[PDB]
Amino acid sequence: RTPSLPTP
Amino acid sequence: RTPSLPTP
Amino acid sequence: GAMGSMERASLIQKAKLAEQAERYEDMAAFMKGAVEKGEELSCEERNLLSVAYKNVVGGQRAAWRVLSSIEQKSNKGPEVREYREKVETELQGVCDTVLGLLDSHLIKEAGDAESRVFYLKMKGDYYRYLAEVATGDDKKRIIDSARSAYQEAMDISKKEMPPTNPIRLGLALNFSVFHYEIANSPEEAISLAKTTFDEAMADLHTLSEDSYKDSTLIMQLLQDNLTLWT
Amino acid sequence: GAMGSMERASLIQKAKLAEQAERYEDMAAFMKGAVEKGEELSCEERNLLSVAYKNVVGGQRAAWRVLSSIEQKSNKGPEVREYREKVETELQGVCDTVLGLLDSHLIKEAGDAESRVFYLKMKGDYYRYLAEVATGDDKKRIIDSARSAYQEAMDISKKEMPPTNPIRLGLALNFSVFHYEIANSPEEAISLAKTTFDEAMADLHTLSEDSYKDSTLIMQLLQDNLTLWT
């Protein structure tokens, strides 16, 4: 899969 | 603290 | 319900403690309690809500993928399917809880672009997570619900936020992932990531050092995906 | 209770799946269910039980330490204390559950040295975890309960197991940690670690390559602690 937004 | 036994 | 007796401020305080202790289930429960107090969330509080549920559902999704992979390779008794179903139901429960909070009543009370975009992005994300495990009659409706939320968020962000705004950037990143992974629209994913990146690049000159750091971080994540996709 | 309707073999199968999915709470619940079927546990099954609860309590202990540290630095409202207490109570609950399984009825049905030492080592460990958070009137009794379990385990292991046996080695490692961290007996800790290491070293020549690997791994952990302690 593709990386989505991580935690800040 | 000191390390105890980890999981195998 | 269970958090009804605790002060709002205490729930927020404990959410922060739970984050430090990496107790994300607790963190989510505290923030659910805080939302259910009925007051709007600040920027910091919105972030706490997001962090909490992202970690919880993140673990569930990772587990689901492990089990799903085992299940597919097995295709032996019903246990793998049963356990995958269990994790799936729990995941759907968490998604439904988050979506419930957004619908009752975070989104409707969110007037400022920053808050409204944040919650609509969340709505898109949690429908997207539901879509990842969906198969039945409502699968297309789940996908369209994700799409609709992301689209409204995009429309607002384009009108009301600079192209370097971290929320706008993160929304674009996740909507592009939606296109690539869920909607079978890789060209749309690539186009969105590219245009987002380029429009942000052109606005970096307006930013302070701190803002520059945040925007360029997310820009790099867009670039990372473009590199993977091309 | 909740696992009463599931086959023993299915519970074991799901414990293994839960391990792969890093769902340690589930894993522990499955293994609790398996124990409650009333049959003795194999070597593999004992390891699954241990892994499950070690991970669960491990997370709780880490959280407790974070919160305890915050609490001490604060010495502001009651929230840190309250939340530390919450985590503490949950931790004690898990320890009590494990100790309950050992007492009803794993230990009393364990006749072979390998099984009996394994369970008594577990008993020592979970009393040790209780000791880490204890303060009240029964604190000394908790410590003595840990000591007593470890000692019985040691006595059996010395009589019935070679000095390179991984269970014997791990027991010695953890009992030495007990001495250092709980009993305020660093010299006893060092002595035990040293003698354990040396007696294992002298028996390595009897081992196969696979057994050599396992024994030397734990020996290195003993050496690591000796290095830290001296």
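Side chains included, hydrogens not; waters and symmetry mates left out as well; all remaining heavy atoms used. Within every chain, numbering begins at 1; the chains are lettered A, B, ... in the order of the sequence lines, protein sequences first and strands thereafter.
The local environment of CD in C:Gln220 is crowded, with over 12 non-hydrogen atoms from other residues, nucleotides or ligands closer than 6.0 Å. Sparse packing is recorded around CD of D:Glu44, with 12 or fewer heavy atoms of other residues, nucleotides or ligands lying under 6.0 Å away. Under a cut-off of 6.0 angstrom, the local environment of NZ in C:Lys76 is crowded, with over 12 non-hydrogen atoms contributed by other residues, nucleotides or ligands. Counting heavy-atom neighbours within 6.0 Å of C:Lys32 NZ, excluding the residue itself, gives a total of 12 or less. Heavy atoms from other residues, nucleotides or ligands lying under 6.0 Å from CG of D:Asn75 number more than 12.
Within residues 7-23 of chain D, the residues that have a heavy atom under 4.5 Å from a heavy atom of chain C are D:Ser10, D:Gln13, D:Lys14, D:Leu17, D:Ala18, D:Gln20, D:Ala21, D:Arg23, listed by number.
Scanning for side chain to side chain donor-acceptor pair (under 3.5 Å) contacts around D:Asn225 gives an empty result, with sequence neighbours left out.
Neither the backbone nor the side chain of D:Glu71 comes within contact range of chain C, judged by heavy atoms closer than 4.5 Å.
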